[PDB]
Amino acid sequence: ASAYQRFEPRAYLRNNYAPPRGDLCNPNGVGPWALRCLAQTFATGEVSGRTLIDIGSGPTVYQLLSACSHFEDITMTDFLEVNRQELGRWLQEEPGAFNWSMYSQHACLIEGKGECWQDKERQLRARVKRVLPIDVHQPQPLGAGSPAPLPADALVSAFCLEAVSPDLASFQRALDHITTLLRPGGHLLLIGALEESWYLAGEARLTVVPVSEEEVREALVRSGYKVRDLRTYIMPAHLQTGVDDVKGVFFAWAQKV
């Protein structure tokens, strides 16, 4: 976790959300695939509620585009204040925010409700009430009296756990830790890197725990969920760029029972 002090948000984004991994024009891309998982899961209108919490938001919002139209109270979090910062920048259309419009549009495109994308970036910005600091290794990630509405009706996390835990055991605990935040019967949308062990972010060189679809599932069950849906996307050769060594990406729709 010490390494996370050299984390460069602008380089993280550059490494992962700007072409090639960021080109949403090719259907076979990982961008389209991920946004599609989210779209379809929420489209089933089974993941509803008043509040929602996004764990380890980092400096990204794509993970919330389809969600934002289902929960009025959205809470975004992250360790690094540097990330909580970059988030704010886009939340207040401040100077030099990252441009997510291409992602916004591909959410609207995929959702097919004919929504204009400026309208989606509006609904999101509006529904995100707070950007809180968080530590998944803590038995109570947020803190004691967090401004966050608990328990949340739903959880969303992307590439967090496997990137902050040094091994499967650390990973499982971290999972159980955030699971506490989820109301019983609420939903979890977990995205992540399969069999990855490192990834760059400017100066920083972060360790990752290579995990598998079975390890991730077995661990989801172990944490107390009833695995609703679990998909795997194999990273094509053209999306390997030495910013990391990821093999594929996983999507999980879990339900705390």
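In case it trips you up, residue 1 is the first one in the sequence shown, and so on.
Averaged over CA atoms, B-factors in the entry run higher in 140-148 than in the other of 140-148 and 86-94. The PDB entry reports B-factors from which the mean C-alpha value can be compared for 107-115 and 165-173; the larger average falls on 165-173.
For the set 53, 201, 64, 35, the PDB entry puts the maximum C-alpha B factor at 53. When the modelled residues of the chain are ordered by C-alpha B-factor, residue 253 sits in the middle third. In this PDB entry, residue 127 carries a Cα temperature factor that places it within the middle third of its chain's modelled residues. When all modelled residues of the chain are sorted by CA temperature factor, residue 101 is found within the lowest third. Ranked within its chain, residue 39 lands in the lowest third, by CA B factor from the PDB record. In the deposited entry, the Cα temperature factor of residue 160 sits in the middle third of values across the chain's modelled residues.
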